[PDB]
Amino acid sequence: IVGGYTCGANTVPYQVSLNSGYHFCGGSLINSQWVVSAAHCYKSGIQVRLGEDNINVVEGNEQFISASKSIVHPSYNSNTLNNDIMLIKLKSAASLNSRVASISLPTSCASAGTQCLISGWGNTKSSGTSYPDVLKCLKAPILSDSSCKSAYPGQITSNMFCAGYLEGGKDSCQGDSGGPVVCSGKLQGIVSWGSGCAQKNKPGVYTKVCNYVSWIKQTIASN
Ligand SMILES: Nc1nc2ccccc2[nH]1
Ligand SMILES: [Ca+2]
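For this coordinate set, the PDB header names X-ray crystallography as the determination method and states a resolution of 1.8 Å.

Labelled according to the PDB entry, the chain appears under the name TRYPSIN, originating from Bos taurus. Turning to the chain, the UniProt record has this under Subcellular location: "Secreted, Extracellular space".

The following block contains the structure:
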């Protein structure tokens, strides 16, 4: 997260860190047994870390749970990043409490101008490398379709939205992939891709979660 602020311990109780000997991607808890993340975050042998603040210190509220099953969306295209969403089932149910909580799925799509909260443990430098140990937060608006497609000609599908600032300086970045974009208490997006981080006229690109609710609900119910 570039140009954001320190969230504060367990303020984003739905935020998950995916670990495979180290933190590699963010995720969102949608229920006591399931996590939503980005398909580009797929890896074998994932450990789901809940209730985390500092990813390098055991602070007392963490739940470490192995993944039992991983499901990448059937139409995921690694080349275009179209349909960048995957579902992760936990070996055992997480205990929901004040610090570990689930985020609900949208009943409808958010419109441009809606303010959202983007969170993660990714790079904090525009051009440099500095990884935080604590969860970073960023309030950002959904941008208009037209300004998104203007920034990335022929790359934006109906399954993606842009969020951030065209002036640059504040965006998501490497390490935040698969992380949540929450607008008016519902998971509206997943950190997917972009061109560099916080560059002018190059905002973040997010998977448009409202397009996958049916797929998510049906998949979870049958697994
Ligand atoms: N804005 C932005 N967000 C990103 C997330 C992962 C990789 C590159 C990125 N650029
Ligand atoms: Ca910790």
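**Side note on the environment of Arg 99**
You can see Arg 99 is positioned in the loop between β7 (86-90) and β8 (115-120). For the pair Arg 99 and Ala 9, spaced 90 residues apart in sequence, the C-alpha to C-alpha distance is 8.5 Å. Ignoring any residue separated from it by four or fewer positions in sequence, one finds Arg 99 in contact with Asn 10, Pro 13, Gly 51 and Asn 61. Within the structure, the side chain of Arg 99 is placed 3.0 Å from the side chain of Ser 98, a separation counted as a polar contact.

**Some remarks on the coordination of the calcium ion (ligand 2)**
The coordination sphere of the calcium ion (ligand 2) contains the protein donors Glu 52 (OE), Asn 54 (O), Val 57 (O) and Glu 62 (OE), at a distance range of 2.3 to 2.4 Å. Mapping the donors of the calcium ion (ligand 2) onto the primary sequence gives the spacing E-x1-N-x2-V-x4-E. Like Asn 54, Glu 52 is buried.

**Some points on the site of ligand 1**
As a matter of local geometry, ligand 1 sits amid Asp 171, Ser 172, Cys 173, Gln 174, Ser 177, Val 191, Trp 193, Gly 194, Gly 196, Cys 197 and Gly 204. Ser 172 is positioned with one of its side-chain polar atoms (N or O) 2.9 Å from a nitrogen atom of ligand 1. In the environment of ligand 1, a nitrogen atom lies 2.6 Å from a nitrogen or oxygen atom belonging to the backbone of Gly 196. Protein contacts shield 92% of the accessible area of ligand 1, which totals 270 Å² for the unbound molecule. Taken together, the residues of the shell around ligand 1 break down into four nonpolar, six polar and one charged.

**Let's talk about the domain arrangement of the chain**
Domain annotation of the chain identifies domain 1 (1-12 + 103-210) and domain 2 (13-102 + 211-223). Centre-to-centre separation of domain 1 and domain 2, based on C-alpha positions: 18 Å. On the domain 2 side, the residues contacting the 36 residues of domain 1 number 38 residues. The largest contributions to the domain 1 side of the interface with domain 2 come from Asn 10, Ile 103 and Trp 121, which together make up 25% of the buried area. Across the domain 1-domain 2 interface, the total number found is zero salt bridges. There are 21 residue pairs in polar contact connecting domain 1 and domain 2. When residues of the side of domain 1 that touches domain 2 are traced back to their parent elements, those giving at least two are β8, β11 (180-183), β12 (186-193) and β13 (204-208). Top contributing element to the side of domain 1 that touches domain 2 by residue count: β12, with five residues. Split into classes, the residues belonging to the side of domain 1 that touches domain 2 amount to 19 nonpolar, 15 polar and two charged.

**Considering the environment of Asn 201**
Tracing the backbone through its elements, the reader meets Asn 201 in the loop between β12 and β13. Dropping the residues within four chain positions of it, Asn 201 is found in contact with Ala 151 and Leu 166.

**Some details on the sheet that holds β11**
Taken in spatial order, the seven strands line up as β1-β9-β8-β11-β12-β13-β10 in an open sheet, and their pairing is antiparallel. Every other strand in the sheet has two partners, leaving β1 (5-6) and β10 (160-163) as the edge strands with one partner each.

**Observations concerning the UniProt feature "domain: Peptidase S1" in the chain**
UniProt tags residues 1-221 as "domain: Peptidase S1". As annotated, residues 1-221 has a helix share of 7% and a strand share of 32%, and its two end C-alpha atoms lie 33 Å apart.

Conventions and cut-offs
- Residues numbered from 1 in each chain as written, not as in the entry; some residues may be left out.
- Chains lettered and ligands numbered in written order.
- Heavy atoms only, no water.
- Residues with missing side-chain atoms left out of burial classes, pairs and counts.
- UniProt positions renumbered as here; feature names shortened; annotations may be inferred.
- Helix = DSSP H or I, 4+ residues; strand = E, 2+ residues; numbered from the N terminus.
- Contact = heavy atoms within 4.5 Å.
- Polar contact = N/O pair within 3.5 Å; in protein donor to acceptor, adjacent residues only side chain to side chain.
- Donors = N, O, S within 2.8 Å, 3.2 Å for Na, K, Ca; no water.
- Buried < 20%, exposed > 50% of the residue type's maximum accessible area, 1.4 Å probe, protein only.
- Near = heavy atom within 4 Å.
- Areas by Shrake-Rupley, 256 points an atom, 1.4 Å probe, with all protein chains shown as cover.
- Nonpolar A, V, L, I, M, F, W, Y, C, P; charged D, E, K, R; others polar.
- Domains from an automatic or database assignment.
- Buried area = accessible area lost by both parts, 1.4 Å probe.
- Salt bridge = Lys/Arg side-chain N within 4 Å of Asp/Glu carboxyl O.
- Pairing = 2+ DSSP bridges.

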